[PDB]
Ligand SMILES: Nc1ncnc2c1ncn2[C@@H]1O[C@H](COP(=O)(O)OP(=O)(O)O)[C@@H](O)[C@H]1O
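So this first bit is one chain, no partners, the form solved without the named molecule, shown in C-alpha cells.
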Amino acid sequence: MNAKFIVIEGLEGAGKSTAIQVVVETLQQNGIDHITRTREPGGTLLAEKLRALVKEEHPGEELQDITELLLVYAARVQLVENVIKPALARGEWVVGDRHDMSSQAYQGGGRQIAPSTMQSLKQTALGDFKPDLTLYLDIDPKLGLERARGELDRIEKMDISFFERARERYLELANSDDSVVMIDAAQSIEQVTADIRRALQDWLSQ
C-alpha cells in the first residue's frame, strides 16, 4: 500500500466525526500509524479564515453564489497544495472531513450553479486531483438537521429543499463513481461503524 486520501462526506448531522475516527482506527489496526487529518473549508490559517467568512452573514451585503464557490475553492487550493499533496508525497495518509464532493452537492445541487461553471472551476483549481476513497454518509435531511442540534451558520439557515437537492447530487455522484461508497447513516452507532469498518477493510484488500 502507498499513501491515500480518504474523504468523509455527507450532510451535517450524519456523524462525520464518528466516521473519521472509525476510518482512522481501521488504518491503525492495519499498521498505518502516520495519518494527517483535515477539514474543509479549512485546515490552514488562511483556509480557516475563509471558512469563517463563508459560515457568517455579512451586514449590508449579499454574498453571491459565485463568490461562495470561489471562496470554498480558494480554501481548497490552500489545503491541497500545502497539506494534502505534501503528506501524500511523504507516504502519509490523509483523512479529510469534506472535499470537492461538497461543492458539487452544496454549490452545484443546492445553489443550482451551472454544471459547466462547476466543471471549469474544478479544472482551474484542482486540475485532475481527486480523493482515492470517499465514504458518503447518506441521511435524510430533516433527520440530519435534528442530529446536528447542540447555532445554524449561513448555509444551515437555508430551506429544506436546498438540502434535498444537495442530497440528490450526492446520490448521483455516489452511484456513478466506483471510488465512492455509500453508508446508510440513519442506523445505530454499532452499525454505521460496522459498515464503514467493513467497506474500508474491504477497499484496502483490493
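Numbering starts at 1 and runs along the sequence shown.
J.: Are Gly150 and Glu151 truly consecutive in the deposited sequence, or are residues between them missing coordinates? Give the number as none, 1 to 3, 4 to 9, or 10 or more.
T.: Missing residues, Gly150 to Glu151: 1 to 3.
J.: Compare the mean C-alpha B-factor of 106-114 with that of 67-75 as given in the PDB entry, and name the stretch with the higher value.
T.: If you average the C-alpha B-factors of 106-114 and of 67-75, the larger mean comes out for 106-114.
J.: Would you determine, from the values in the PDB entry, which of 89-97 and 132-140 has the greater average C-alpha temperature factor?
T.: Taking the mean B-factor of the alpha carbons in each, 132-140 is higher.
J.: Grab the CA temperature factor for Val22 from the record and place it in the lowest, middle or highest third of its chain.
T.: Its C-alpha B-factor belongs to the middle third of this chain's values.
J.: Ranking every modelled residue in this chain by its Cα temperature factor as given in the entry, which third contains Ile8?
T.: Lowest third, going by the recorded CA B-factors of the chain.
J.: Should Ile155 be placed in the lowest, middle or highest third of its chain by the C-alpha B factor in the entry?
T.: Ranked within chain, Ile155 CA B lands in the middle tercile.
J.: Looking at the C-alpha B-factor of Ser176, is it in the lowest, middle or highest third of its chain?
T.: It belongs to the highest third of the chain when residues are ordered by C-alpha B-factor.
J.: Taking the entry's C-alpha B-factors for this chain, is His34 in the lowest, middle or highest third?
T.: Its C-alpha B-factor belongs to the middle third of this chain's values.
A second form of this protein, the form solved in complex with the named molecule, is not displayed here; the remarks below concern that form.
J.: So in the bound PDB entry, does any heavy atom of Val192 sit within 4.5 Å of the named molecule?
T.: Close contact exists here: in the bound PDB entry, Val192 approaches the named molecule to within 4.5 Å, heavy atoms only.
J.: Considering non-hydrogen atoms and a 4.5 Å limit, does the named molecule approach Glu25 in the bound PDB entry?
T.: Outside the cut-off, so no.
J.: Determine whether any heavy atom of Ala185 comes within 4.5 Å of a heavy atom of the named molecule in the bound PDB entry, and answer yes or no.
T.: Contact check for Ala185: yes, within 4.5 Å of the named molecule in the bound PDB entry.
J.: Closest heavy atom of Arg167 to the named molecule in the bound PDB entry, within 4.5 Å or not?
T.: Result no; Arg167 lies far from the named molecule in the bound PDB entry.
J.: Just to make sure I understand: among 4-32, which residues lie within 4.5 Å of the named molecule in the bound PDB entry, judging by heavy atoms?
T.: Going through 4-32 in order - heavy atoms within 4.5 Å of the named molecule in the bound PDB entry - the hits are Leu11, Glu12, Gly13, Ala14, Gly15, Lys16, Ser17, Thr18.
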